[PDB]
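Structure assessment
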Amino acid sequence: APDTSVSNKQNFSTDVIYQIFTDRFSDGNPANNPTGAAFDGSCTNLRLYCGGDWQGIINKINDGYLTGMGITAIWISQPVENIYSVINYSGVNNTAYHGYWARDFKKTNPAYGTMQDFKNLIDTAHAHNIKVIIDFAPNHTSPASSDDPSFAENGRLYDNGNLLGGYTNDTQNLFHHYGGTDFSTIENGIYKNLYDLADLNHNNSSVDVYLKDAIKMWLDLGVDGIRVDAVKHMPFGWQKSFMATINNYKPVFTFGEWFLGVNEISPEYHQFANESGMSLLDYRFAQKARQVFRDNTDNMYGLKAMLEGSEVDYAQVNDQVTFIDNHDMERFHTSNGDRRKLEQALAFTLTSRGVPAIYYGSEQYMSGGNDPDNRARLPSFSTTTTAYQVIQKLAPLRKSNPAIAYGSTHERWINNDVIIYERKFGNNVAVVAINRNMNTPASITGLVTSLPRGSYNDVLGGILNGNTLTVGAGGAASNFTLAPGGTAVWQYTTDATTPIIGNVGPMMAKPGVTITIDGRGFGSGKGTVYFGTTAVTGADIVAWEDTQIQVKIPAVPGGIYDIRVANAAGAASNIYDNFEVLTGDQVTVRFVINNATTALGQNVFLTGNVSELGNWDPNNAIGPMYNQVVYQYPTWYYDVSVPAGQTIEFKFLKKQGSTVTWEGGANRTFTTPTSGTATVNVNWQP
Ligand SMILES: C[C@H]1O[C@H](O[C@H]2[C@H](O)[C@@H](O)[C@H](O)O[C@@H]2CO)[C@H](O)[C@@H](O)[C@@H]1N[C@H]1C=C(CO)[C@@H](O[C@H]2O[C@H](CO)[C@@H](O)[C@H](O)[C@H]2O)[C@H](O)[C@H]1O
Ligand SMILES: OC[C@H]1O[C@@H](O)[C@H](O)[C@@H](O)[C@@H]1O
Ligand SMILES: OC[C@H]1O[C@H](O)[C@H](O)[C@@H](O)[C@@H]1O
Ligand SMILES: OC[C@H]1O[C@H](O)[C@H](O)[C@@H](O)[C@@H]1O
Ligand SMILES: [Ca+2]
Ligand SMILES: [Ca+2]
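X-ray crystallography is the method the PDB entry lists for this structure, together with a resolution of 2.0 Å.

Tallying secondary structure elements over the protein gives 13 helices and 40 strands in all. For the protein, buried positions account for 61% of its 686 residues. Of all intrachain contacts in the protein linking residues separated by at least 6 positions in sequence, the fraction that spans at least 24 positions is 69%. Roughly 22800 Å² of accessible area belongs to the protein as shown, and the carbon and sulfur atoms make up 46% of that amount. Both charge centroids of the protein, one from 47 positive and one from 63 negative side chains, sit 3 Å from each other.

Moving on: the nonpolar core. With 127 residues, the main nonpolar core has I17, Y18, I57, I74, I76, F105 and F293 as its most contacted residues. Broken down by element, this core gets its largest block of residues, seven residues, from helix α5 (residues 205-220). Looking at which domains feed residues into this core, each of domain 1 (1-400) and domain 2 (401-495) gives three or more. Counting residues in hydrophobic clusters, the runner-up holds 30 residues, among them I593, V630, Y637 and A678.

Glancing now at the sheet that holds strand β30 (residues 541-544). Strand order across the open sheet formed by four strands is β25-β27-β31-β30, with antiparallel pairing between neighbours. Here the strands that pair on one side only, and so sit at the sheet edges, are β25 (500-505) and β30. Put simply, the sheet's adjacent strands are angled 20° from each other on average, direction ignored. Note that strand β27 (residues 514-520) and strand β31 (residues 548-552) share five bridges and pair antiparallel. Bridge pairing in β31 links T514 to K552.

What follows concerns the domain arrangement of the protein. The domains assigned to the protein are domain 1 (1-400), domain 2 (401-495), domain 3 (496-582) and domain 4 (583-685). Computed over C-alpha atoms only, the centres of domain 3 and domain 4 are separated by 33 Å. At the boundary of domain 3 with domain 4, total buried surface from both sides reaches about 430 Å², with 55% on carbon and sulfur atoms. Three residues, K510, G558 and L582, lead the burial of domain 3 against domain 4; their summed loss comes to 82% of the area buried on that side.

What follows covers the packing of α5 against helix α6 (residues 236-249). At their nearest, the axes of α5 and α6 sit 10 Å apart, and the two run at 35° to each other. Every pair of crossing elements has a handedness; the one defined by α5 and α6 is right-handed. Taken together, the residues of α6 that come into contact with α5 (itself represented by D208, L211, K212, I215, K216, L219 and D220) are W238, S241, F242, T245, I246 and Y249. In terms of residue class, the contact of α5 with α6 is built from seven nonpolar, two polar and four charged.

So, about the coordination of the calcium ion (ligand 5). Donor atoms from the polypeptide that coordinate the calcium ion (ligand 5) comprise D27 (OD), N29 (O), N32 (OD1), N33 (OD1), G51 (O) and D53 (OD), at 2.1 to 2.5 Å from the metal. Taken together, the six donor atoms coordinating the calcium ion (ligand 5) span angles of 70 to 160° at the metal, a pattern that classifies the geometry as irregular.

Let's shift gears to the site of ligand 4. In the region of ligand 4, the neighbouring residues are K651, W662, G665 and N667. Between ligand 4 and the protein, one listed contact pairs an oxygen atom with a side-chain N or O atom of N667 at 2.6 Å. Burial of ligand 4 by the protein chains amounts to 53% of its free accessible area of 320 Å². Looking at the shell around ligand 4, its residues break down into one nonpolar, two polar and one charged.

Counted according to the given criterion, the structure contains one disulfide. Each sulfur of the disulfide joining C43 and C50 lies 2.0 Å from the other. The chirality of the disulfide connecting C43 with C50 is right-handed, given an S-S dihedral of about 75°. Each member of the pair, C43 as well as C50, carries the same accessibility label: buried.

Near ligand 1, the surroundings consist of 17 residues, among which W101, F259, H327, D328 and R375 are the closest. Take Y195: an N or O atom from its side chain is 3.4 Å from an oxygen atom of ligand 1. In isolation ligand 1 exposes 760 Å². Once the protein is present, 78% of that is buried. Split into classes, the residues belonging to the shell around ligand 1 amount to nine nonpolar, three polar and five charged.

Moving on, we come to the coordination of the calcium ion (ligand 6). For the calcium ion (ligand 6), the full set of protein donor atoms is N139 (OD1), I190 (O), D199 (OD), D199 (OD) and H233 (O), and the range of their distances to it is 2.3 to 3.0 Å. In the primary sequence, the donor residues of the calcium ion (ligand 6) line up as N-x50-I-x8-D-x33-H. Here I190, found in helix α4 (residues 186-191), pairs with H233, found in the loop between β12 (225-228) and α6; they are 43 residues apart in sequence, far enough to count as distant. Overall, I190 belongs to the buried group, its relative accessible area being 3%.

Take the pattern of salt bridges next. What the rule picks out here adds up to 30 salt bridges. Taking the shortest distance from any N to any O, the salt bridge between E257 and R227 comes out at 2.8 Å. One end of the pair, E257, is in the loop between β13 (253-256) and α7 (267-275); the other, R227, is in strand β12, and 30 residues separate them in sequence. Just as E257 is buried, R227 falls in that class too. Measuring nitrogen to oxygen at the nearest pair gives 3.9 Å for the salt bridge that ties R375 to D328. Taken together, the residues span a long stretch of sequence, with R375 in the loop between β16 (355-359) and α11 (386-394) and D328 in the loop between β15 (321-322) and α10 (339-350) at a distance of 47 residues. Looking at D328, the relative accessible area reads 31%, which means it is partly exposed. Salt bridges linked by common partners bring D135, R227, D229 and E257 together as one network.

What follows is about the UniProt feature "domain: IPT/TIG" in the protein. What UniProt calls "domain: IPT/TIG" maps, in this numbering, to residues 499-580. What you have in residues 499-580 is 0% helix and 54% strand, and the ends, taken at the C-alpha atoms, are 22 Å apart.

In this structure, the second largest pocket occupies an estimated 930 Å³ of space. Taken together, 31 residues form the lining of the second largest pocket, with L194, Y195, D229, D328 and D371 sitting closest to its centre. Counted by class, the lining of the second largest pocket contains 13 nonpolar, ten polar and eight charged residues.

About the thresholds
Residues numbered from 1 in each chain as written, not as in the entry; some residues may be left out. Chains lettered and ligands numbered in written order. Heavy atoms only, no water. Helix = DSSP H or I, 4+ residues; strand = E, 2+ residues; numbered from the N terminus. Buried < 20%, exposed > 50% of the residue type's maximum accessible area, 1.4 Å probe, protein only. Contact = heavy atoms within 4.5 Å. Areas by Shrake-Rupley, 256 points an atom, 1.4 Å probe, with all protein chains shown as cover. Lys, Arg positive; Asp, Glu negative; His and termini not counted. Charge placed at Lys NZ, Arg CZ, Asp CG, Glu CD. Core = buried A, V, L, I, M, F, W, Y, C linked by side-chain atoms within 4.5 Å. Domains from an automatic or database assignment. Pairing = 2+ DSSP bridges. Axes fitted to C-alpha atoms, helices over the stretch in contact; angles between N-to-C directions. Buried area = accessible area lost by both parts, 1.4 Å probe. Left-handed = near helix turned anticlockwise from the far one by under 90°. Nonpolar A, V, L, I, M, F, W, Y, C, P; charged D, E, K, R; others polar. Donors = N, O, S within 2.8 Å, 3.2 Å for Na, K, Ca; no water. Tetrahedral: all angles 85-135°; square planar, octahedral: opposite > 155°, others 65-115°. Near = heavy atom within 4 Å. Polar contact = N/O pair within 3.5 Å; in protein donor to acceptor, adjacent residues only side chain to side chain. Disulfide = S-S within 2.5 Å. Salt bridge = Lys/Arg side-chain N within 4 Å of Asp/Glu carboxyl O. UniProt positions renumbered as here; feature names shortened; annotations may be inferred. 1 Å grid on protein atoms, 1.4 Å probe; cavity = no way out; pocket = protein on both sides within 12 Å on 5 of 7 lines; lining within 4 Å. Points joined across faces, edges and corners; volume = space filled by probe spheres on them.

Structure (structure tokens):
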């Protein structure tokens, strides 16, 4: 299939995602609406159910509202059955309209629809070449008080109707009972409850296996992507085995939400995108795009620096989901904000690297503050707003122009208010010029691009006041004045003669799994895929065509590999690095070490003999381990994804700066379970 196919569930850079709060989009079936205190048909109480459902999204795909816009992926509210309680928080009544308060991950939320409505949504979306991404929130079930078992549904978790347990009298320890987080540390935020949500205990084998069985069920129903909620609040080791479960079973594009505020750059955030096996919502892009295009607290140099810097800091920048607002931010468009600002920011996101996500109602200029006011019902389904037309013209370029789906980003002209950047992938080029100043025209002189000579028409058709670009010899453009608020997109596409890899998904899997390599110039005839210097040819290449290769990961040792393609003619591609071949299936094991006293700045880490534990390398050791919530110093603990069903050797070490102190004695051995979790409780060997 080509890279742009609806069946490419592994990579979404050629897609434009439309993020839908199911309840707030279209009530296509009023018979499934909540009744009583849980429902507000006027949707003026934004914490109640307004009635929107999966039949409503089907109707909007069918009648061309979503497809007219060029949307090729929808991201909907978590589909699982939620609690039915209307919770009163100091006066306001609150319901599970948002899908985040699960009670059964194997059943649907009936307000949204039946399991048959879900399959009809999947099939209708696919028949219209729309991929379906669902939220999945495995961190917690629902508001619970162990002190008051009658509050809400006491966080109860059911397994396809069968009650597993609740928060009060949790003798099985399905949940964490350490109090609520104050967000002071990542550890604190992981093992304590978010607010009052009953925190699931992923170290409990029943919880571990249940959530992994539940995600496989939704993958069996044909979902094409997963947005994981609260990745900052679950153990990294468990989420890496969770990702290995998905990737070793049916790999689909998975990204998580790790919130970053304005100007916050976090190494942990970047480590998570680079090493977890899922990508992230690109809050670094979103916050800077809002600073430059919305709030004017930064200028185009800030924008250039984020684009240049993010291309390096994210190992796979083409997998990051970009957006200018979403459910956790005030809407981009303000009451007194010029609409041109929204239209430019959307033109910027749609032509930028990564996977653009448009929050529902952006095209209808919805404004609103923070939750719940950014989740109002969308007011109109008008197909003629300028913002609808901006998405309609630019979203198709993700499928048709590989420079926009995969290309590098090159700033070609800039000043405080104007950026002209170029996306390049082989000989495919897109050039985007944006003047954010709504008053001053920009005189552009000396612009050089990679466009062949010609008179390029603005793909936006002058609707954001763009113009034709005349390109002469050597990509030099004839000088022009960029209008106040002007935005223009110029492009050139042609065939790639060289194999060029633009994206690979999944990026972590065991031997035997088929990965998807997308790009251009692979040719029709089966060539060679290199994992390191290991050639994979012939029958292990499951599919080969010019834009997409599907190949089985060879049985190489676990570790990180560069991928490279050589077409049938021996021409080799660029290297696509950081592929992790896992040692096998994964299980999360909790390692607990007692009596590991440390100095200030000295932390305990774990390493061992499998790639998953850094292969005995102190620079790649797992940690720093935790030592405050589940166990307290000098006992340290950490949840680590390790190969299932085997004896690993490992040792703990203390690291402070450059100094590694290994524990003495013989290497430790442990035989990991085949599924479920295990705890290793040991004592520091001096
Ligand atoms: C729990 C959230 O924590 C992080 O995001 C926060 C961030 O820390 C704040 O500084 C920022 O101002 O707001 C964000 C949202 O609260 C984390 O990175 C996020 O992934 C995470 N937000 C998720 C999770 C939930 C579950 O609580 C959603 O909230 C919903 O639940 C509450 C109470 O249970 C309901 O009353 C709300 O109506 C729901 O939105 C977040 O919206 C979701 O984005
Ligand atoms: O500073 C690193 C470590 O040093 C210890 O002295 C301290 O008691 C621990 O709580 C800390 O994690
Ligand atoms: O008035 C606004 C209401 O919104 C929130 O849900 C608060 O929890 C609640 O206590 C407050 O009174
Ligand atoms: O057998 C004990 C030895 O095992 C491991 O290879 C450790 O790397 C080493 O530092 C330790 O001293
Ligand atoms: Ca309904
Ligand atoms: Ca948690």
